[PDB]
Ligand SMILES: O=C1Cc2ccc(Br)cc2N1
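Consider the single chain below, provided in structure tokens and representing the form solved without the named molecule.
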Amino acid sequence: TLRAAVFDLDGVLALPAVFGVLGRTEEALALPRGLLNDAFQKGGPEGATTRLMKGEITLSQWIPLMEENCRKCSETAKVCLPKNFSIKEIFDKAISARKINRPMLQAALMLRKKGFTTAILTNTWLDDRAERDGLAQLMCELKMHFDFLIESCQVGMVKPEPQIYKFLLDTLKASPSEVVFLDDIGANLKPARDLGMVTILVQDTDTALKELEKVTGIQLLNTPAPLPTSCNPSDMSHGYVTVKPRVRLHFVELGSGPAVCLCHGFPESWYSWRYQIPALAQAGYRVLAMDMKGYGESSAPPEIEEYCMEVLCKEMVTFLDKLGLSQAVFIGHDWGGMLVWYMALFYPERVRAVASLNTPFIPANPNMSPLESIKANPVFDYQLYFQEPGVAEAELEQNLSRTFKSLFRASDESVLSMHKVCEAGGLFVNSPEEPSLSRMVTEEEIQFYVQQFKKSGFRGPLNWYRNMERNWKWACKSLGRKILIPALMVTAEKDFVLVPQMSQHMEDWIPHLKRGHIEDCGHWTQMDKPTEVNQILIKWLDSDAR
């Protein structure tokens, strides 16, 4: 019958509570017990703190009123406050110490996932201090995980006034018996309980969570590690930049701080970085996830030479120029990974740092055509099949659902044989016509790629493979160079085409190269091991790209 869960901020979703810091300051300063809490509440509904919580005055206007409340309390208590007493210092440290209670947030996320409406109902102030950014940052991280955020200072009502609970019920469109309410202050539970709501008094998180599992019938404690927060395309800021008359690049943007450009592989989308876009923004970076040329909402000219590495890299520099970015960190995977190594070799001044997932830095061999080196390895046979225009397009566009379901698979789910593709006469010759859904992706995620490839088709994406000779000649120009800017190479143990051993001689070209390695990871790295990728990238960015 329960369908809504309301949480308080201070003491429930964020720890420690302000009141806890007030009690700890009395002990540290050897003041009489409760003196700071008495000054805090002095006057009740007509006092300074109620005016602050109703949004009548701001935090800075309240600080001198709280200080005089402290002196009046000490006069009565017959004590002297220390020579260096400051409400501002005490409050700054208290607000700064507050961190998200991860287990409490994890339980809130699981409830919403199972169909619950979630909300935060809190008594808070209009923060105008010089350090107010810390509070804003915390609220933003929490905001995206709940259906509603109700703050006292915005609605002009405070807990425990009964009208704020009537307002809460009208916002949720729910009756009181369909609501569970969590708060660390007993007084605030009393009116919710009077209306008939299920209340949980929060003293310690683990006990609070056990009461919550019992009443909802959903397991919250001891639960498996969840996947990182993913992107909803319709909630993203969508950017459009024209780099040349017929070419427009589309990107998705989130966060503030140093620019980080993400470059996908074949046959993918900006959406392949869905698990890293919120994580990198939260770590303090401005993320720009591209639809590469030939894909999604980016332009897709039909000409083959529009997709050679030289044209592609030049358009990426123009993209930075039109956005007003002197530098960006470049992170690529698959074809995008090959492109970022060549961005570092040809435009080092525009690249703050460079990282590749799966794709090693392959220097051109001046004594051998790339097409002849492809024939030496039977694993690369699918590349020869991709050369004839129209042939692979017809097979991949014939059934879009089948195409993405057969390709996007974890290492133990492979349904295609990438060798003898030419001899068989296709990629899907001895392949099931209706493949099973991989554990890595959902039907909804697959349908995004199907919808994006319904507009463009496979011509543009396949053309990245039809410039082998042209790319080989261009790469030969960089044979005497070394990559001396910060660099990261991440290998994936189970990629059968881009094997980790293909990257072993990279130190000869990138002497101070840093490495990452992911076990039990196939070709589709970002969606196969999203947590591991996030950890490797965030640690490297914080040490080498700052």
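In case it trips you up, residue 1 is the first one in the sequence shown, and so on. Rigid core here is just the name for the largest C-alpha set that superposes within 1.5 Å across the two forms.
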Outlying stretch relative to shown form, 390 to 398 versus 260 to 268 in 9 other deposited structures of this protein, C-alpha RMS (core): 390 to 398
Rigid core superposition result in 9 other deposited structures of this protein, more deviant of 212 to 220, 429 to 437 by Cα: 429 to 437
Which of 346 to 354 and 421 to 429 has higher mean CA B factor, as the PDB entry lists it: 421 to 429
481 to 489 versus 33 to 41 - greater average Cα B-factor per the deposited record: 33 to 41
Residue with maximal Cα B-factor (values as given in the PDB entry) among 461, 435, 284, 324: 435
Which of 377, 471, 152, 256 ranks first by CA B-factor in the deposited coordinates: 377
Residue 11 - Cα temperature factor, lowest/middle/highest third of chain: middle
Residue 213 - which third its CA temperature factor falls in, relative to the rest of the chain: middle
Where the record places residue 49 (Cα B-factor, split into thirds across the chain): middle
Third of chain Cα B-factors occupied by residue 303: middle
CA B-factor placement of residue 372, once the chain's modelled residues are sorted into thirds: highest
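If you look for the form solved in complex with the named molecule, you will not find it shown, but the lines that follow are about it.
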Contact segment among 239 to 247, 191 to 199, 210 to 218, 361 to 369, judged by heavy atoms lying within 4.5 Å of the named molecule in the deposited complex: 361 to 369
Residue contact check: residue 309 to the named molecule in the deposited complex, 4.5 Å heavy atom: yes
In the deposited complex, residue 97 touching the named molecule (heavy atom, 4.5 Å): no
Residue 342 within 4.5 Å of the named molecule in the deposited complex, heavy atoms: yes
Heavy atom of residue 229 within 4.5 Å of the named molecule in the deposited complex: no
Heavy atom of each of 338, 374 and 475 within 4.5 Å of the named molecule in the deposited complex: yes
Position in contact with the named molecule when the complex is considered in the deposited complex, options 282, 74, 471, 272, heavy atoms within 4.5 Å: 471
Listed residue that, although the named molecule is not shown, lies within 4.5 Å of it in the deposited complex (heavy atoms), from 298, 117, 456, 467: 467
